[PDB]
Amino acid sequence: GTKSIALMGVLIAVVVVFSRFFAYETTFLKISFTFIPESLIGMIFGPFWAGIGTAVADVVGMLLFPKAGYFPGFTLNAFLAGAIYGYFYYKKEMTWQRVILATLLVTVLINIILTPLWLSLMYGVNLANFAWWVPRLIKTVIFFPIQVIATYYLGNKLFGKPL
């Protein structure tokens, strides 16, 4: 489907933009707004194609802007986001309950279980430092509210040609 493809291209483009220019990016933390386009992309296109949508959005991301370095497991992250967004959100009506438990399953399962894993995995980390976790946990706990408010709102301002 073309129409779907145009949409996808633009959306992949926006995800790239968020991660691209307006994130807080430092060596062991990024603060971006890369959750918003991806949940719209989860809503329109559903789990598998939101998954692929965002995974390739990441790889386009690093092919363009590589200085950060490429680590495989981060693109798995992208994919999971898509699937999760899509699976919770495509396409039941947004419910505080479920903007909430999507958003939880994303924060606990990709942000504190896995991203610390990747860096640990191929950056040399003394995981043992649990003063390593303090910015990560300040953040992990501050932005969940932001994320939930924003997602709810976006969720509740026909989607397009998705599937």
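Counting begins at 1, following the sequence as shown.
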{"property": "Unmodelled stretch of the deposited sequence separating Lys157 from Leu158, binned as none, 1 to 3, 4 to 9 or 10 or more", "result": "4 to 9"}
{"property": "Mean Cα B-factor comparison, 125-133 or 39-47, giving the higher one as deposited", "result": "125-133"}
{"property": "Entry-level comparison of average CA B-factors, 65-73 and 51-59, reporting the higher stretch", "result": "65-73"}
{"property": "Residue with maximal Cα B-factor (values as given in the PDB entry) among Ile138, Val108, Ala102, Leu29", "result": "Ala102"}
{"property": "Modelled-residue ranking by C-alpha temperature factor, third containing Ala6", "result": "highest"}
{"property": "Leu114 CA temperature factor, ranked by third within the chain", "result": "middle"}
{"property": "Relative C-alpha B-factor of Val15, binned into the chain's lowest, middle or highest third", "result": "lowest"}
{"property": "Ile142 - which third its CA temperature factor falls in, relative to the rest of the chain", "result": "middle"}
{"property": "Cα B factor band for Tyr152 (lowest, middle or highest third within the chain)", "result": "lowest"}
